[PDB]
């Protein structure tokens, strides 16, 4: 039933040449900034836009978010910084686990089971291999590109939501 989330993303990383550590290793700060940004693009911006009915709502929600973000930074500025690489790894792991917990709570509040949705995203991601079985990388920024004939996940994700609505009716 439940997907092996970590092994599935680990697999995506190997297949498409994203970073992966075989031994626990603190994530370098410049790389962490990227990951934090990508995560929030989805968990904050897309989530809030898709929760909004107009520009006025959406902007008020973003500003409220920004104020909470700023309060959290101000609180963190008063806390001492890690002094070893192990300390940085431990604090990252702690933060990533709570973040995972909150994401999961948002699924609970939405009444959506995440496993089948994650499975759709995983399969579509893996289907980005070209017809030679190799990833397609664009010369600008090495972005992984979609091959000709690739079926996008969005409509299936939507059909999965409707399926769950029907199951729980």
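Numbering follows the first chain given and starts at 1.
Relative to one another, 70 to 78 and 88 to 96 have unequal mean CA B-factors, and 70 to 78 is the one with the higher figure. Checked against the record, the higher mean CA B factor of 141 to 149 and 154 to 162 lies with 141 to 149. Remark: of 36, 136, 43, 124, 136 shows the highest value [criterion: C-alpha B-factor in the PDB entry]. Looking at the C-alpha B-factors along this chain, the one for residue 115 belongs to the middle third.
For residue 14, the recorded CA temperature factor ranks within the middle third of the chain's modelled residues. Ranked by Cα temperature factor within the chain, residue 64 sits in the middle third according to the deposited record. Among the modelled residues of its chain, residue 56 has a C-alpha B-factor that falls in the highest third, as given in the PDB entry.
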